[PDB]
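S.K.: give me coordinates for this.
(one chain, ligands or ions: 1)
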Amino acid sequence: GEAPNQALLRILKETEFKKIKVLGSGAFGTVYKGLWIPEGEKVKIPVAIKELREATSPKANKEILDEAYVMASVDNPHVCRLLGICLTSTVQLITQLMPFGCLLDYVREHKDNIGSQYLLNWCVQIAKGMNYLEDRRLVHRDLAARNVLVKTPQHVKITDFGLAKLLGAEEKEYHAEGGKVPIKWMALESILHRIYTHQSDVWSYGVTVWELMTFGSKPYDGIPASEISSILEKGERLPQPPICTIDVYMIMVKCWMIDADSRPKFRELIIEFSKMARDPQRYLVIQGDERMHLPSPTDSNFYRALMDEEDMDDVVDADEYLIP
Ligand SMILES: C=CC(=O)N1CC[C@@H](Oc2cc3c(Nc4ccc(F)c(Cl)c4)ncnc3cc2OC)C1
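M.R.: Numbering: from 1, shown residues only. There you are, the coordinates:
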């Protein structure tokens, strides 16, 4: 009827996680960094760990296990996958640590060192990620630069599947209802009719690319969310970022067409951004571009800027830790 989801959900003992330190907190809950030392392995795996506030709110464990389901069912170089869960007082999600954090913050804090080649490569990688999600019939529904993580400056991955939805073997639109929504990243049809498709995700990709190309500007800044559907109906759109050629901005604009089926396919975005990445200074115009550098895996205090030296002997990235 539809293919069986044979993903493994790994239950991980609390006694295998060490050096637990806070990365951030809020409504979403708390995320920590830590090490995961599977027992009798001789590996230490850098991890992030997401928990909500309290063992209560049966709603909350439902939401987070919904997220776990989705994160366990993906496997792609440009998507974050679940390593497992920990069943404590609270339900904790465990995943590969992405040490440079979220891309929104990254572009903000490193504006002066981000050249054309990085921007376009990110665009390619996010498109690969999103294409993979489409092939697996998932609609993310919250693609935003905040929901893209940086493993290294060269390697980003989509995360935050807490709003993602599958689609039946012959179903096209998800129809949602209520709940707080990222209105500024949403297709018009999603705001108006709570319709959500692969093509509504393309809209969100457009906005995400705008965020990167403006070094993390806030879209429709100062506009109240309640006014967005009108702005859009009138035909207004996010403006051309200074660094963008018409070539790049046109792609953005095509992502924001009213006719969903007229928007680009992720497979097409991969191709276009890939072509652009072979000659980046032809497509993005950044002052002092050719002379920028960001941390690479082949640098000294790359592995020392994260780790304790006590640990480093047996550290293995989650991307190199695979199980039967
Ligand atoms: C409250 C959050 C917050 O404000 N921020 C903002 C900074 C961000 O910092 C990191 C988060 C990481 C992460 N997140 C994650 C997502 C879904 C999951 F299901 C799980 Cl298990 C984790 N994954 C991996 N690496 C992360 C690294 C981060 O910063 C170094 C959290």
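S.K.: so how far is the ligand from the closest residue in space to residue 198 that isn't next to it in sequence?
M.R.: Nearest in space to residue 198, with sequence neighbours left out and distances taken as C-beta to C-beta, 6 or more residues apart in numbering, is residue 134 at 4.8 Å. Quick note: C-beta positions are derived from backbone N, CA and C, even for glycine. Note on residue 134: its distance to the ligand, by C-beta to the nearest ligand atom, to the nearest Å, is 20 Å.
S.K.: hang on, residue 134 packs against residue 268?
M.R.: No - using C-beta atoms under 8 Å, residue 134 makes no contact with residue 268, being 11.9 Å away.
S.K.: comparing those two, which shows the higher neighbour count?
M.R.: When neighbours are counted by other C-beta atoms under 10 Å, residue 134 and residue 268 differ, and residue 134 comes out ahead with 20 against 15.
S.K.: who are the packing partners of the helix or strand encompassing that one?
M.R.: Using DSSP states H and E, residue 134 sits in helix 116-135. Packing partners of helix 116-135 (3 or more C-beta pairs under 8 Å, 6 or more residues apart in numbering; DSSP states H and E): strand 155-158, helix 198-213, helix 266-277.
S.K.: immediately after the shortest one, which helix or strand?
M.R.: Okay, so that is strand 155-158. strand 174-175.
S.K.: stretch 102-122 near the ligand anywhere?
M.R.: Yes - for stretch 102-122, a contact with the ligand is found by C-beta under 6 Å from any ligand atom, at residue 102.
S.K.: contacts for that stretch, please.
M.R.: For stretch 102-122, contacts defined as C-beta atoms under 8 Å, 6 or more residues apart in numbering pick out 100, 144-150, 153-154, 156, 211-213, 215-216, 243, 273, 276-277, 280-281, 283-286, 289-290, 292-294.
S.K.: up against the ligand, what does this protein have?
M.R.: Within the chain, the residues that sit near the ligand (C-beta under 6 Å from any ligand atom) are 23-26, 28, 31, 48, 50, 67, 71, 93-95, 97-99, 101-102, 149, 159-160.
S.K.: longest strand in this structure, by residue count?
M.R.: For the chain, the strand with the greatest residue count under DSSP state E is strand 17-25.
S.K.: that one pairs with which strands?
M.R.: Note on strand 17-25: by DSSP bridges, its sheet partners are strand 30-36 (antiparallel).
S.K.: list the buried ones in the longest strand of the chain?
M.R.: Within strand 17-25, the residues that count as buried by 16 or more other C-beta atoms under 10 Å are 17, 19, 23.
S.K.: for the second one, which non-adjacent residue is closest in space?
M.R.: Right, residue 19. Using C-beta to C-beta, 6+ apart and skipping residues adjacent in sequence, the residue nearest residue 19 is residue 35, 5.0 Å away.
S.K.: repeat for the first one
M.R.: If you skip the residues right next to it in sequence, residue 17 has residue 34 as its closest partner in space, 5.0 Å away by C-beta to C-beta, 6+ apart.
S.K.: try residue 158
M.R.: In space, and not counting its chain neighbours, residue 158 is closest to residue 129: 4.2 Å by C-beta to C-beta, 6+ apart.
S.K.: neighbours of residue 188, how many?
M.R.: Using other C-beta under 10 Å, residue 188 has 18 neighbouring residues.
S.K.: surely it meets residue 231?
M.R.: No - between residue 188 and residue 231 there is no contact under C-beta under 8 Å: 10.0 Å.
S.K.: what's residue 226 in contact with, if anything?
M.R.: When the contact criterion is C-beta under 8 Å, 6+ apart, residue 226 has no partners at all.
S.K.: and residue 220, how far from residue 201?
M.R.: Distance, residue 220 to residue 201, using C-beta to C-beta, to the nearest Å: 19 Å.
S.K.: ok, the two, which is more surrounded?
M.R.: residue 201 (27 against 17).
S.K.: distance-wise, check that one relative to residue 249.
M.R.: Taking C-beta to C-beta as the measure, residue 201 falls 20 Å from residue 249.
S.K.: and what of residue 174?
M.R.: Distance of residue 174 to residue 249, given as C-beta to C-beta: 29 Å.
S.K.: ok, for the closest residue to the ligand within the stretch 101-250 of the chain, nearest residue in space, not its chain neighbours?
M.R.: Using C-beta to the nearest ligand atom, the closest approach of the stretch 101-250 of the chain to the ligand is made by residue 101 at 3.7 Å. Leaving aside its chain neighbours, residue 101 sits nearest to residue 150 (6.2 Å; criterion: C-beta to C-beta, 6+ apart).
S.K.: doesn't that neighbour belong to a strand?
M.R.: Yes - using DSSP: H, G, I helix; E, B strand; the rest coil, the secondary structure at residue 150 is a strand.
S.K.: give the contact list for the residue nearest to residue 254 when sequence neighbours are not counted.
M.R.: Leaving aside its sequence neighbours, residue 254 sits nearest to residue 264 (C-beta to C-beta, 6+ apart; 5.4 Å). By C-beta under 8 Å, 6+ apart, the contact set of residue 264 is 202, 251, 254, 255, 272.
S.K.: mark out where each domain of the protein begins and ends.
M.R.: 14-97, 103-282 (automatic domain parsing).
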